[PDB]
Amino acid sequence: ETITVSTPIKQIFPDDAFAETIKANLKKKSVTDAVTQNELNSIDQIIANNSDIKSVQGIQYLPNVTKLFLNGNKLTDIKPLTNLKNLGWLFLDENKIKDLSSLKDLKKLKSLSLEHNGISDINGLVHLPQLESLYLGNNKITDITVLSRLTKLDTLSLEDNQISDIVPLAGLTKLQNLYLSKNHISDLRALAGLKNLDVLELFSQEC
């Protein structure tokens, strides 16, 4: 939603680490300083890697965010992201995010990164058919059936997981970069029809 009157940053963003991020973004002197919606409207990018952030509550008030870099934090819940309709790039590596339902309405999302989140179920990704690049390296994924729906992907990383069957990738003709090292892949027939592959990594398979 939005704030109708000047309000302290610390009152909108509960997480003190995140509050500091917003303060820095708006070039404010303190998280205790007051901010207006006009000021919150100015944020289209948040860079806060390894910032010890546990919650992004309050981010719902930033309607124009398109880029969000939150790698290496302590996130678990991303429900606050649900209505950030303009999100185009979302990097959330090194967190503990598993509920991907909050991403279902991010129809402008082109790049998503969720490496090292201990994820095994990615069926919620079906709601992002427009995705162009997806990074899911270092997780516990085995079933990638849902990926057959992501026909716009040109870059995909699934390295360091527990995948055996890559047939779901057979129809992703736009793929140019495919990272599949450190998995359990034996059958590579699914790669036959991928006419645009430039980069392909398949080393260290354990069968």
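When you see a residue number, it is the position in the sequence shown, counting from 1.
Of the two stretches examined, 66-74 and 168-176, the record assigns the greater average C-alpha temperature factor to 168-176. Of the two segments, 184-192 and 10-18, the one listed with the higher mean B-factor is 184-192 (C-alpha atoms only). In this structure the maximum Cα B-factor among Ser148, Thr142, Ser157, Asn139 is found at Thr142. When the CA B factors of the chain's modelled residues are split into thirds, the value for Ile53 lands in the lowest one.
When the modelled residues of the chain are ordered by C-alpha B-factor, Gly118 sits in the middle third. When the modelled residues of the chain are ordered by their C-alpha B factor, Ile43 lands in the lowest third. Remark: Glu132 belongs to the middle third of its chain, ranked by C-alpha B-factor as recorded. In the deposited entry, the Cα temperature factor of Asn95 sits in the middle third of values across the chain's modelled residues.
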